[PDB]
$ cat start_1.cif   # mmCIF, C-alpha atoms and all ligand atoms
data_structure
#
loop_
_atom_site.group_PDB
_atom_site.id
_atom_site.type_symbol
_atom_site.label_atom_id
_atom_site.label_comp_id
_atom_site.auth_asym_id
_atom_site.auth_seq_id
_atom_site.Cartn_x
_atom_site.Cartn_y
_atom_site.Cartn_z
ATOM 1 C CA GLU A 12 15.414 29.903 -9.997
ATOM 2 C CA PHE A 13 13.506 26.822 -8.894
ATOM 3 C CA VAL A 14 15.143 24.570 -6.285
ATOM 4 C CA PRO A 15 14.169 20.898 -6.804
ATOM 5 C CA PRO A 16 12.734 19.273 -3.656
ATOM 6 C CA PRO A 17 14.465 16.123 -2.369
ATOM 7 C CA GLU A 18 13.714 12.836 -4.105
ATOM 8 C CA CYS A 19 10.921 10.617 -2.806
ATOM 9 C CA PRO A 20 11.674 6.908 -2.190
ATOM 10 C CA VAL A 21 12.074 4.522 -5.103
ATOM 11 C CA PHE A 22 11.508 0.811 -4.547
ATOM 12 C CA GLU A 23 12.732 -2.007 -6.798
ATOM 13 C CA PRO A 24 10.855 -5.070 -5.520
ATOM 14 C CA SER A 25 12.118 -8.547 -6.256
ATOM 15 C CA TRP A 26 9.770 -10.983 -7.972
ATOM 16 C CA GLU A 27 8.827 -12.404 -4.556
ATOM 17 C CA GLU A 28 7.976 -8.967 -3.149
ATOM 18 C CA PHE A 29 6.187 -8.057 -6.406
ATOM 19 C CA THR A 30 3.719 -10.940 -5.914
ATOM 20 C CA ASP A 31 1.105 -8.996 -3.901
ATOM 21 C CA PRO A 32 0.690 -5.208 -4.310
ATOM 22 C CA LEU A 33 -1.277 -4.576 -1.107
ATOM 23 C CA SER A 34 1.224 -6.601 0.928
ATOM 24 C CA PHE A 35 4.138 -4.698 -0.614
ATOM 25 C CA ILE A 36 2.529 -1.286 -0.066
ATOM 26 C CA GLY A 37 1.805 -2.234 3.545
ATOM 27 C CA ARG A 38 5.440 -3.212 4.089
ATOM 28 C CA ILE A 39 6.877 0.005 2.599
ATOM 29 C CA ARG A 40 4.343 2.150 4.510
ATOM 30 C CA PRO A 41 6.649 3.159 7.429
ATOM 31 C CA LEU A 42 8.895 5.041 4.989
ATOM 32 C CA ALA A 43 6.510 5.939 2.152
ATOM 33 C CA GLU A 44 3.849 7.475 4.387
ATOM 34 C CA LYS A 45 6.528 9.886 5.652
ATOM 35 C CA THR A 46 7.116 11.186 2.117
ATOM 36 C CA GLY A 47 3.516 11.057 0.873
ATOM 37 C CA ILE A 48 4.447 9.668 -2.529
ATOM 38 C CA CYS A 49 6.749 6.884 -3.629
ATOM 39 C CA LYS A 50 7.841 5.310 -6.892
ATOM 40 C CA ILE A 51 7.833 1.570 -7.603
ATOM 41 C CA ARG A 52 9.862 0.016 -10.436
ATOM 42 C CA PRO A 53 8.540 -3.425 -11.462
ATOM 43 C CA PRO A 54 11.021 -6.205 -12.251
ATOM 44 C CA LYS A 55 12.723 -5.679 -15.594
ATOM 45 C CA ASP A 56 10.822 -8.425 -17.424
ATOM 46 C CA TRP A 57 7.382 -7.195 -16.260
ATOM 47 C CA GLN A 58 6.231 -5.482 -19.468
ATOM 48 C CA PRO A 59 2.461 -5.365 -20.019
ATOM 49 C CA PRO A 60 1.300 -4.643 -23.569
ATOM 50 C CA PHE A 61 -0.610 -1.466 -24.347
ATOM 51 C CA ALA A 62 -4.232 -2.490 -24.808
ATOM 52 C CA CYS A 63 -6.230 0.637 -25.714
ATOM 53 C CA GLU A 64 -8.203 0.763 -28.966
ATOM 54 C CA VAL A 65 -5.673 2.929 -30.785
ATOM 55 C CA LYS A 66 -7.518 3.208 -34.106
ATOM 56 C CA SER A 67 -10.603 4.806 -32.521
ATOM 57 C CA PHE A 68 -8.974 6.728 -29.638
ATOM 58 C CA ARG A 69 -10.233 10.294 -30.119
ATOM 59 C CA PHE A 70 -10.547 13.057 -27.554
ATOM 60 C CA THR A 71 -10.775 16.813 -27.096
ATOM 61 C CA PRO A 72 -8.223 17.772 -24.433
ATOM 62 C CA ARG A 73 -8.732 20.585 -21.978
ATOM 63 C CA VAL A 74 -6.890 23.858 -22.455
ATOM 64 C CA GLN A 75 -4.490 24.884 -19.667
ATOM 65 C CA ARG A 76 -3.284 28.485 -19.324
ATOM 66 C CA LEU A 77 -0.201 28.123 -17.144
ATOM 67 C CA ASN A 78 -0.326 31.607 -15.602
ATOM 68 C CA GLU A 79 -4.113 31.880 -15.188
ATOM 69 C CA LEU A 80 -4.010 32.586 -11.442
ATOM 70 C CA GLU A 81 -1.176 35.120 -11.637
ATOM 71 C CA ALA A 82 -3.122 36.878 -14.409
ATOM 72 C CA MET A 83 -6.006 37.607 -12.006
ATOM 73 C CA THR A 84 -4.062 40.586 -10.630
ATOM 74 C CA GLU A 355 -9.720 32.747 -27.018
ATOM 75 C CA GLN A 356 -8.064 29.501 -28.094
ATOM 76 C CA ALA A 357 -9.702 27.338 -30.751
ATOM 77 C CA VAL A 358 -11.099 23.862 -30.023
ATOM 78 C CA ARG A 359 -9.126 20.862 -31.305
ATOM 79 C CA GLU A 360 -9.996 17.161 -31.455
ATOM 80 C CA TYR A 361 -7.103 14.711 -31.699
ATOM 81 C CA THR A 362 -6.267 11.078 -32.124
ATOM 82 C CA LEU A 363 -3.442 9.604 -30.058
ATOM 83 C CA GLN A 364 -1.202 10.008 -33.100
ATOM 84 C CA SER A 365 -2.208 13.577 -33.922
ATOM 85 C CA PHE A 366 -1.923 14.663 -30.282
ATOM 86 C CA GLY A 367 1.594 13.232 -30.134
ATOM 87 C CA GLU A 368 2.616 15.083 -33.288
ATOM 88 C CA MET A 369 1.273 18.321 -31.805
ATOM 89 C CA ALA A 370 2.943 17.619 -28.439
ATOM 90 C CA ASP A 371 6.378 16.862 -29.893
ATOM 91 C CA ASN A 372 6.253 19.831 -32.278
ATOM 92 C CA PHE A 373 5.316 22.094 -29.363
ATOM 93 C CA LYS A 374 8.197 20.939 -27.173
ATOM 94 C CA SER A 375 10.889 20.860 -29.847
ATOM 95 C CA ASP A 376 9.905 24.337 -31.038
ATOM 96 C CA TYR A 377 9.752 25.718 -27.492
ATOM 97 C CA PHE A 378 13.233 24.483 -26.538
ATOM 98 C CA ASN A 379 14.781 24.541 -30.033
ATOM 99 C CA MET A 380 16.106 20.986 -29.679
ATOM 100 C CA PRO A 381 14.906 17.376 -30.070
ATOM 101 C CA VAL A 382 12.352 16.447 -27.422
ATOM 102 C CA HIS A 383 14.433 13.758 -25.708
ATOM 103 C CA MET A 384 17.441 16.097 -25.416
ATOM 104 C CA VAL A 385 15.673 18.595 -23.137
ATOM 105 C CA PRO A 386 16.896 18.071 -19.542
ATOM 106 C CA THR A 387 14.147 17.182 -17.079
ATOM 107 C CA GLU A 388 15.554 19.871 -14.781
ATOM 108 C CA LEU A 389 15.096 22.498 -17.522
ATOM 109 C CA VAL A 390 11.439 21.637 -18.204
ATOM 110 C CA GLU A 391 10.826 21.775 -14.440
ATOM 111 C CA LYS A 392 12.513 25.173 -14.041
ATOM 112 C CA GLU A 393 10.706 26.606 -17.069
ATOM 113 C CA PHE A 394 7.320 25.232 -15.975
ATOM 114 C CA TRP A 395 7.469 27.022 -12.616
ATOM 115 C CA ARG A 396 8.728 30.225 -14.235
ATOM 116 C CA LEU A 397 5.800 30.201 -16.667
ATOM 117 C CA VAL A 398 3.198 29.585 -13.956
ATOM 118 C CA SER A 399 4.162 32.870 -12.259
ATOM 119 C CA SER A 400 5.053 34.874 -15.391
ATOM 120 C CA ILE A 401 2.862 37.755 -16.537
ATOM 121 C CA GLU A 402 5.130 38.568 -19.503
ATOM 122 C CA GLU A 403 4.696 35.247 -21.334
ATOM 123 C CA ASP A 404 1.348 33.450 -21.674
ATOM 124 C CA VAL A 405 1.969 29.777 -22.493
ATOM 125 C CA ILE A 406 -1.095 27.635 -23.235
ATOM 126 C CA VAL A 407 -1.037 23.824 -23.505
ATOM 127 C CA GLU A 408 -3.576 20.990 -23.766
ATOM 128 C CA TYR A 409 -4.137 17.959 -21.531
ATOM 129 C CA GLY A 410 -6.076 14.806 -22.330
ATOM 130 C CA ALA A 411 -6.978 14.353 -18.669
ATOM 131 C CA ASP A 412 -9.677 12.299 -16.928
ATOM 132 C CA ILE A 413 -10.492 10.154 -19.955
ATOM 133 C CA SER A 414 -12.688 7.292 -18.830
ATOM 134 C CA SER A 415 -11.207 3.851 -19.439
ATOM 135 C CA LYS A 416 -14.726 2.857 -20.523
ATOM 136 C CA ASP A 417 -14.367 4.952 -23.699
ATOM 137 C CA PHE A 418 -11.626 3.029 -25.514
ATOM 138 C CA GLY A 419 -10.550 0.471 -22.915
ATOM 139 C CA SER A 420 -7.892 0.402 -20.235
ATOM 140 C CA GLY A 421 -4.232 0.513 -21.197
ATOM 141 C CA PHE A 422 -3.849 -2.856 -19.439
ATOM 142 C CA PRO A 423 -5.280 -6.023 -20.997
ATOM 143 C CA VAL A 424 -8.562 -7.045 -19.371
ATOM 144 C CA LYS A 425 -10.518 -10.283 -19.585
ATOM 145 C CA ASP A 426 -13.436 -8.251 -20.945
ATOM 146 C CA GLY A 427 -13.878 -10.438 -24.023
ATOM 147 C CA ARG A 428 -13.997 -7.224 -26.073
ATOM 148 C CA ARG A 429 -10.333 -7.111 -27.135
ATOM 149 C CA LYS A 430 -8.216 -10.149 -27.956
ATOM 150 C CA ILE A 431 -5.981 -11.358 -25.130
ATOM 151 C CA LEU A 432 -2.934 -13.195 -26.429
ATOM 152 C CA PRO A 433 -1.526 -16.017 -24.271
ATOM 153 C CA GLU A 434 1.597 -13.969 -23.485
ATOM 154 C CA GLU A 435 -0.669 -11.187 -22.164
ATOM 155 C CA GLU A 436 -2.950 -13.256 -19.912
ATOM 156 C CA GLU A 437 -0.577 -12.880 -16.959
ATOM 157 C CA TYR A 438 -0.982 -9.102 -17.226
ATOM 158 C CA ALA A 439 -4.770 -9.358 -17.445
ATOM 159 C CA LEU A 440 -4.652 -11.330 -14.175
ATOM 160 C CA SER A 441 -1.895 -9.393 -12.380
ATOM 161 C CA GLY A 442 -2.661 -7.628 -9.131
ATOM 162 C CA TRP A 443 -0.642 -4.673 -10.452
ATOM 163 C CA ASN A 444 -3.103 -4.307 -13.337
ATOM 164 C CA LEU A 445 -4.981 -1.222 -12.127
ATOM 165 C CA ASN A 446 -8.287 -2.858 -13.104
ATOM 166 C CA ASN A 447 -7.611 -5.523 -10.439
ATOM 167 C CA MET A 448 -6.923 -3.228 -7.509
ATOM 168 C CA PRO A 449 -9.587 -3.290 -4.768
ATOM 169 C CA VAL A 450 -11.836 -0.228 -4.920
ATOM 170 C CA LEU A 451 -14.769 -1.020 -2.587
ATOM 171 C CA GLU A 452 -14.613 0.778 0.764
ATOM 172 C CA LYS A 467 -14.978 2.774 -9.945
ATOM 173 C CA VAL A 468 -12.659 2.246 -12.927
ATOM 174 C CA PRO A 469 -9.256 3.641 -13.922
ATOM 175 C CA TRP A 470 -8.885 6.987 -15.665
ATOM 176 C CA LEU A 471 -6.490 7.844 -18.489
ATOM 177 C CA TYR A 472 -4.219 10.866 -18.991
ATOM 178 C CA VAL A 473 -2.617 11.805 -22.333
ATOM 179 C CA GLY A 474 0.050 14.372 -21.567
ATOM 180 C CA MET A 475 2.234 16.892 -23.362
ATOM 181 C CA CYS A 476 5.047 19.139 -22.140
ATOM 182 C CA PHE A 477 3.852 21.481 -19.342
ATOM 183 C CA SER A 478 0.388 19.894 -18.990
ATOM 184 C CA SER A 479 -0.229 19.669 -15.273
ATOM 185 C CA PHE A 480 -2.325 18.785 -12.253
ATOM 186 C CA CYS A 481 -2.582 21.031 -9.207
ATOM 187 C CA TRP A 482 -2.356 20.175 -5.511
ATOM 188 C CA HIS A 483 -5.057 17.775 -4.342
ATOM 189 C CA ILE A 484 -5.874 14.768 -2.194
ATOM 190 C CA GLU A 485 -8.200 11.956 -3.207
ATOM 191 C CA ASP A 486 -11.893 11.607 -2.417
ATOM 192 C CA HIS A 487 -12.314 9.946 0.991
ATOM 193 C CA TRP A 488 -8.550 10.368 1.568
ATOM 194 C CA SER A 489 -8.046 7.291 -0.607
ATOM 195 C CA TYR A 490 -4.749 5.926 -1.809
ATOM 196 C CA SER A 491 -4.057 6.392 -5.489
ATOM 197 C CA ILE A 492 -1.844 4.432 -7.843
ATOM 198 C CA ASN A 493 -0.633 5.668 -11.217
ATOM 199 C CA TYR A 494 1.088 3.733 -14.025
ATOM 200 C CA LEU A 495 2.942 5.434 -16.888
ATOM 201 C CA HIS A 496 2.303 3.157 -19.866
ATOM 202 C CA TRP A 497 4.695 4.956 -22.238
ATOM 203 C CA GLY A 498 6.263 8.271 -23.183
ATOM 204 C CA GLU A 499 8.305 10.986 -21.494
ATOM 205 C CA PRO A 500 8.331 11.267 -17.685
ATOM 206 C CA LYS A 501 5.627 12.611 -15.401
ATOM 207 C CA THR A 502 7.123 14.863 -12.704
ATOM 208 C CA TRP A 503 5.474 14.657 -9.273
ATOM 209 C CA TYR A 504 5.568 16.556 -5.995
ATOM 210 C CA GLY A 505 4.141 15.068 -2.801
ATOM 211 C CA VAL A 506 3.562 16.128 0.802
ATOM 212 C CA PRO A 507 3.218 13.560 3.624
ATOM 213 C CA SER A 508 -0.182 13.341 5.303
ATOM 214 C CA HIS A 509 1.299 14.548 8.614
ATOM 215 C CA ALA A 510 1.839 17.951 6.924
ATOM 216 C CA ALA A 511 -1.593 18.189 5.269
ATOM 217 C CA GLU A 512 -2.714 20.958 7.650
ATOM 218 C CA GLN A 513 0.576 22.812 7.138
ATOM 219 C CA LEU A 514 -0.043 22.883 3.380
ATOM 220 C CA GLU A 515 -3.642 23.988 3.835
ATOM 221 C CA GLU A 516 -2.365 26.809 6.070
ATOM 222 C CA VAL A 517 0.063 28.092 3.422
ATOM 223 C CA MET A 518 -2.792 27.949 0.913
ATOM 224 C CA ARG A 519 -4.908 29.982 3.340
ATOM 225 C CA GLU A 520 -2.188 32.624 3.633
ATOM 226 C CA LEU A 521 -1.118 32.864 -0.006
ATOM 227 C CA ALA A 522 -3.738 31.508 -2.432
ATOM 228 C CA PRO A 523 -5.999 34.124 -4.078
ATOM 229 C CA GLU A 524 -8.525 35.444 -1.573
ATOM 230 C CA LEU A 525 -11.287 35.376 -4.188
ATOM 231 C CA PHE A 526 -11.151 31.569 -3.947
ATOM 232 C CA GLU A 527 -10.346 31.387 -0.218
ATOM 233 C CA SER A 528 -13.955 30.816 0.881
ATOM 234 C CA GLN A 529 -14.384 27.970 -1.582
ATOM 235 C CA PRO A 530 -14.906 24.384 -0.384
ATOM 236 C CA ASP A 531 -11.868 22.150 -0.835
ATOM 237 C CA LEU A 532 -13.443 20.122 -3.660
ATOM 238 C CA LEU A 533 -13.650 23.335 -5.722
ATOM 239 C CA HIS A 534 -10.496 25.055 -4.429
ATOM 240 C CA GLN A 535 -8.564 21.955 -5.580
ATOM 241 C CA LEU A 536 -9.435 22.764 -9.184
ATOM 242 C CA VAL A 537 -7.148 25.843 -8.947
ATOM 243 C CA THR A 538 -4.706 25.064 -6.097
ATOM 244 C CA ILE A 539 -1.544 25.832 -8.054
ATOM 245 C CA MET A 540 1.469 26.541 -5.843
ATOM 246 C CA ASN A 541 5.216 26.460 -6.434
ATOM 247 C CA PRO A 542 6.791 23.750 -4.221
ATOM 248 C CA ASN A 543 9.506 26.166 -3.045
ATOM 249 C CA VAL A 544 6.802 28.363 -1.467
ATOM 250 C CA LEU A 545 5.620 25.417 0.630
ATOM 251 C CA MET A 546 9.222 24.508 1.470
ATOM 252 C CA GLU A 547 10.042 28.075 2.550
ATOM 253 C CA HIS A 548 7.144 27.738 5.023
ATOM 254 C CA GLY A 549 8.493 24.483 6.488
ATOM 255 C CA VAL A 550 6.196 22.078 4.597
ATOM 256 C CA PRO A 551 8.068 18.876 3.627
ATOM 257 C CA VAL A 552 7.907 18.314 -0.147
ATOM 258 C CA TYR A 553 9.354 15.410 -2.143
ATOM 259 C CA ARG A 554 9.708 15.033 -5.914
ATOM 260 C CA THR A 555 10.116 12.300 -8.511
ATOM 261 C CA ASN A 556 10.335 11.752 -12.263
ATOM 262 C CA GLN A 557 8.023 8.829 -13.053
ATOM 263 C CA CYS A 558 9.395 7.170 -16.191
ATOM 264 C CA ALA A 559 7.681 4.785 -18.597
ATOM 265 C CA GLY A 560 6.833 1.494 -16.928
ATOM 266 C CA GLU A 561 6.923 2.878 -13.380
ATOM 267 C CA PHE A 562 4.206 3.209 -10.730
ATOM 268 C CA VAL A 563 3.619 6.097 -8.354
ATOM 269 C CA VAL A 564 1.628 5.434 -5.165
ATOM 270 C CA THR A 565 0.133 8.300 -3.166
ATOM 271 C CA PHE A 566 -0.749 7.591 0.456
ATOM 272 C CA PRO A 567 -3.978 8.644 2.223
ATOM 273 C CA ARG A 568 -4.295 12.421 2.513
ATOM 274 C CA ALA A 569 -0.889 12.966 0.814
ATOM 275 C CA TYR A 570 -1.232 16.170 -1.217
ATOM 276 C CA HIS A 571 0.289 15.857 -4.664
ATOM 277 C CA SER A 572 0.747 17.804 -7.886
ATOM 278 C CA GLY A 573 2.840 17.565 -11.000
ATOM 279 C CA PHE A 574 3.328 18.097 -14.701
ATOM 280 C CA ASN A 575 4.311 16.129 -17.778
ATOM 281 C CA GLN A 576 7.739 16.407 -19.418
ATOM 282 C CA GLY A 577 6.350 15.536 -22.846
ATOM 283 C CA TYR A 578 4.012 13.255 -24.770
ATOM 284 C CA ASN A 579 2.993 10.379 -22.500
ATOM 285 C CA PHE A 580 0.130 8.128 -21.412
ATOM 286 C CA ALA A 581 -0.799 7.367 -17.806
ATOM 287 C CA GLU A 582 -3.509 5.399 -16.020
ATOM 288 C CA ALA A 583 -4.638 5.915 -12.428
ATOM 289 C CA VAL A 584 -7.199 4.587 -9.959
ATOM 290 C CA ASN A 585 -8.105 5.121 -6.303
ATOM 291 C CA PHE A 586 -7.793 1.997 -4.192
ATOM 292 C CA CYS A 587 -8.545 0.987 -0.630
ATOM 293 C CA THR A 588 -6.785 -1.305 1.820
HETATM 294 O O1 LIG B 1 -1.451 12.577 -14.049
HETATM 295 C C1 LIG B 1 -2.371 13.385 -13.726
HETATM 296 O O2 LIG B 1 -2.713 14.341 -14.439
HETATM 297 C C2 LIG B 1 -3.083 13.168 -12.389
HETATM 298 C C3 LIG B 1 -2.535 12.012 -11.578
HETATM 299 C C4 LIG B 1 -3.142 11.917 -10.179
HETATM 300 O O3 LIG B 1 -3.616 12.854 -9.592
HETATM 301 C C5 LIG B 1 -3.115 10.543 -9.527
HETATM 302 O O4 LIG B 1 -2.655 9.553 -10.142
HETATM 303 O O5 LIG B 1 -3.573 10.484 -8.347
HETATM 304 MN MN MN B 2 -4.425 12.251 -7.548
#
$ encode --input "start_1.cif" --output "structure tokens"
Amino acid sequence: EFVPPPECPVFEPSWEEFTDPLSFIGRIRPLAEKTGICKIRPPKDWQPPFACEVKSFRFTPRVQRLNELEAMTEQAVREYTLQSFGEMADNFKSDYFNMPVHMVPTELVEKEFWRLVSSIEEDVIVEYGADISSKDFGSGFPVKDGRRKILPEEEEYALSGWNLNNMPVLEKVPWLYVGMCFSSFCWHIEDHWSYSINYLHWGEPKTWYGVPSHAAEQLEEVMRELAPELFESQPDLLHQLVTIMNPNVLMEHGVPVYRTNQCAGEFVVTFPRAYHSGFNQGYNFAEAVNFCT
């Protein structure tokens, strides 16, 4: 079965350290750049409200066939609200595992996910509300946009440097991700080798795998050896749309891989040229942006 990679670093900054994100990320860099990804838990009382326009949030998620690459050698189109997507997502997971959604071990979803990706016997199909522009229905963080009411208790979050809308981006706006069990993202790095930062507003965890930048060429070499040859000649920007690869394959080839379960209220930071991939444990809502130092 699947062997979980070692855990990436988790930081629990004090209020003093939590004052400036770029200063904190610079200070953790000597460790975090050696693991590619890291997780940051804000202080316990740092709880931003969810600020998307929930009544009008409507989207058509993309369909994901888990074993599509293995099948190299149909489904109807569905529009959802946030509520109706969650009902679908929870019903899917509880039916699949025959138990309540929060009782399914994170290790079991992870093991099953990687089995299904390589299985030709069972064709599991899921849906992912990925790459939703925060311009559509607003960011999940409060913003001094004047469009949505900012309560006094929320102004500190509108002004916080950990609000993804306030990260420096000039060498763009955050994107939103509505997940369900087994929805996923394949191995990639950011445009211009940028950092990325991801906040899980609510829901079940997002499971990540990361590779430090010093091993980027090692990963690309394993891809060269083992990814489907039909896509081998493709430029990286296109290959990255279908670069699905079990972390144990990279590990067997000597590529360092680290993992984490990002829970609600936690940030993940990916360092420049740190390959990463992952999948969602269940119904959740994330926001991410590329930033520059
Ligand atoms: O959560 C996802 O689907 C993608 C996240 C990602 O690639 C990022 O935050 O850099
Ligand atoms: Mn990314």
$ resolve_selection --input "start_1.cif" --expression "the PyMOL selection byres (((chain A and resi 395) around 10) and not hetatm)" --output "ChimeraX atom specification"
/A:12-13,77-78,390-394,396-400,477,540-543
$ write_last_selection --input "start_1.cif" --atoms "C-alpha atoms" --output "PDB file, in the frame of the given file"
ATOM      1  CA  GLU A  12      15.414  29.903  -9.997  1.00  0.00           C
ATOM      2  CA  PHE A  13      13.506  26.822  -8.894  1.00  0.00           C
ATOM      3  CA  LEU A  77      -0.201  28.123 -17.144  1.00  0.00           C
ATOM      4  CA  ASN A  78      -0.326  31.607 -15.602  1.00  0.00           C
ATOM      5  CA  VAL A 390      11.439  21.637 -18.204  1.00  0.00           C
ATOM      6  CA  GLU A 391      10.826  21.775 -14.440  1.00  0.00           C
ATOM      7  CA  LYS A 392      12.513  25.173 -14.041  1.00  0.00           C
ATOM      8  CA  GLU A 393      10.706  26.606 -17.069  1.00  0.00           C
ATOM      9  CA  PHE A 394       7.320  25.232 -15.975  1.00  0.00           C
ATOM     10  CA  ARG A 396       8.728  30.225 -14.235  1.00  0.00           C
ATOM     11  CA  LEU A 397       5.800  30.201 -16.667  1.00  0.00           C
ATOM     12  CA  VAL A 398       3.198  29.585 -13.956  1.00  0.00           C
ATOM     13  CA  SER A 399       4.162  32.870 -12.259  1.00  0.00           C
ATOM     14  CA  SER A 400       5.053  34.874 -15.391  1.00  0.00           C
ATOM     15  CA  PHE A 477       3.852  21.481 -19.342  1.00  0.00           C
ATOM     16  CA  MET A 540       1.469  26.541  -5.843  1.00  0.00           C
ATOM     17  CA  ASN A 541       5.216  26.460  -6.434  1.00  0.00           C
ATOM     18  CA  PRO A 542       6.791  23.750  -4.221  1.00  0.00           C
ATOM     19  CA  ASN A 543       9.506  26.166  -3.045  1.00  0.00           C
TER      20      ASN A 543
END
$ resolve_selection --input "start_1.cif" --expression "the PyMOL selection byres (((chain A and resi 357) around 12) and not hetatm)" --output "PyMOL selection string"
chain A and resi 71-74+355-356+358-360+406-408
$ closest_residue --input "start_1.cif" --among "A:467, A:568, A:76, A:383" --to "residue 507 of chain A" --atoms "only C-alpha atoms"
A:568
$ residues_near_ligand --input "start_1.cif" --ligand "ligand LIG 1 (chain B)" --cutoff "10 Å" --atoms "only C-alpha atoms and all ligand atoms" --output "PDB file with C-alpha atoms, in the frame of the given file"
ATOM      1  CA  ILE A  48       4.447   9.668  -2.529  1.00  0.00           C
ATOM      2  CA  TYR A 409      -4.137  17.959 -21.531  1.00  0.00           C
ATOM      3  CA  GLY A 410      -6.076  14.806 -22.330  1.00  0.00           C
ATOM      4  CA  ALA A 411      -6.978  14.353 -18.669  1.00  0.00           C
ATOM      5  CA  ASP A 412      -9.677  12.299 -16.928  1.00  0.00           C
ATOM      6  CA  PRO A 469      -9.256   3.641 -13.922  1.00  0.00           C
ATOM      7  CA  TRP A 470      -8.885   6.987 -15.665  1.00  0.00           C
ATOM      8  CA  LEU A 471      -6.490   7.844 -18.489  1.00  0.00           C
ATOM      9  CA  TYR A 472      -4.219  10.866 -18.991  1.00  0.00           C
ATOM     10  CA  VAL A 473      -2.617  11.805 -22.333  1.00  0.00           C
ATOM     11  CA  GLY A 474       0.050  14.372 -21.567  1.00  0.00           C
ATOM     12  CA  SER A 478       0.388  19.894 -18.990  1.00  0.00           C
ATOM     13  CA  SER A 479      -0.229  19.669 -15.273  1.00  0.00           C
ATOM     14  CA  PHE A 480      -2.325  18.785 -12.253  1.00  0.00           C
ATOM     15  CA  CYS A 481      -2.582  21.031  -9.207  1.00  0.00           C
ATOM     16  CA  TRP A 482      -2.356  20.175  -5.511  1.00  0.00           C
ATOM     17  CA  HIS A 483      -5.057  17.775  -4.342  1.00  0.00           C
ATOM     18  CA  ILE A 484      -5.874  14.768  -2.194  1.00  0.00           C
ATOM     19  CA  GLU A 485      -8.200  11.956  -3.207  1.00  0.00           C
ATOM     20  CA  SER A 489      -8.046   7.291  -0.607  1.00  0.00           C
ATOM     21  CA  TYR A 490      -4.749   5.926  -1.809  1.00  0.00           C
ATOM     22  CA  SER A 491      -4.057   6.392  -5.489  1.00  0.00           C
ATOM     23  CA  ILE A 492      -1.844   4.432  -7.843  1.00  0.00           C
ATOM     24  CA  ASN A 493      -0.633   5.668 -11.217  1.00  0.00           C
ATOM     25  CA  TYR A 494       1.088   3.733 -14.025  1.00  0.00           C
ATOM     26  CA  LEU A 495       2.942   5.434 -16.888  1.00  0.00           C
ATOM     27  CA  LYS A 501       5.627  12.611 -15.401  1.00  0.00           C
ATOM     28  CA  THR A 502       7.123  14.863 -12.704  1.00  0.00           C
ATOM     29  CA  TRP A 503       5.474  14.657  -9.273  1.00  0.00           C
ATOM     30  CA  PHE A 562       4.206   3.209 -10.730  1.00  0.00           C
ATOM     31  CA  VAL A 563       3.619   6.097  -8.354  1.00  0.00           C
ATOM     32  CA  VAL A 564       1.628   5.434  -5.165  1.00  0.00           C
ATOM     33  CA  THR A 565       0.133   8.300  -3.166  1.00  0.00           C
ATOM     34  CA  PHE A 566      -0.749   7.591   0.456  1.00  0.00           C
ATOM     35  CA  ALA A 569      -0.889  12.966   0.814  1.00  0.00           C
ATOM     36  CA  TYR A 570      -1.232  16.170  -1.217  1.00  0.00           C
ATOM     37  CA  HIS A 571       0.289  15.857  -4.664  1.00  0.00           C
ATOM     38  CA  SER A 572       0.747  17.804  -7.886  1.00  0.00           C
ATOM     39  CA  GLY A 573       2.840  17.565 -11.000  1.00  0.00           C
ATOM     40  CA  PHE A 574       3.328  18.097 -14.701  1.00  0.00           C
ATOM     41  CA  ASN A 575       4.311  16.129 -17.778  1.00  0.00           C
ATOM     42  CA  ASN A 579       2.993  10.379 -22.500  1.00  0.00           C
ATOM     43  CA  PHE A 580       0.130   8.128 -21.412  1.00  0.00           C
ATOM     44  CA  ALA A 581      -0.799   7.367 -17.806  1.00  0.00           C
ATOM     45  CA  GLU A 582      -3.509   5.399 -16.020  1.00  0.00           C
ATOM     46  CA  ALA A 583      -4.638   5.915 -12.428  1.00  0.00           C
ATOM     47  CA  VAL A 584      -7.199   4.587  -9.959  1.00  0.00           C
ATOM     48  CA  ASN A 585      -8.105   5.121  -6.303  1.00  0.00           C
TER      49      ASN A 585
END
$ resolve_selection --input "start_1.cif" --expression "the PyMOL selection byres (((chain A and resi 35-47) around 10) and not hetatm)" --output "PyMOL selection string"
chain A and resi 17-22+24+27-34+48-51+504-511+551-554+564-571+588
$ atom_distance --input "start_1.cif" --atom1 "atom CA of residue 576 of chain A" --atom2 "atom CA of residue 388 of chain A"
9.7 Å
$ closest_residue --input "start_1.cif" --among "A:516, A:486, A:498, A:444" --to "ligand MN 2 (chain B)" --atoms "all atoms listed in the file"
A:486
$ atom_distance --input "start_1.cif" --atom1 "atom CA of residue 379 of chain A" --atom2 "atom CA of residue 577 of chain A"
14.3 Å
$ closest_residue --input "start_1.cif" --among "A:549, A:529, A:365, A:535" --to "ligand MN 2 (chain B)" --atoms "only C-alpha atoms and all ligand atoms"
A:535
$ axis_aligned_box --input "start_1.cif" --around "segment 376-380 of chain A" --padding-each-side "3 Å" --output "JSON"
{"center_x": 12.9, "center_y": 23.4, "center_z": -28.8, "size_x": 12.4, "size_y": 10.7, "size_z": 10.5}
$ atom_distance --input "start_1.cif" --atom1 "atom CA of residue 500 of chain A" --atom2 "atom CA of residue 377 of chain A"
17.5 Å
$ closest_residue --input "start_1.cif" --among "A:63, A:413, A:80, A:380" --to "residue 430 of chain A" --atoms "all atoms listed in the file"
A:63
$ closest_residue --input "start_1.cif" --among "A:381, A:536, A:15, A:64" --to "ligand MN 2 (chain B)" --atoms "only C-alpha atoms and all ligand atoms"
A:536
$ closest_residue --input "start_1.cif" --among "A:487, A:25, A:435, A:382" --to "ligand MN 2 (chain B)" --atoms "only C-alpha atoms and all ligand atoms"
A:487
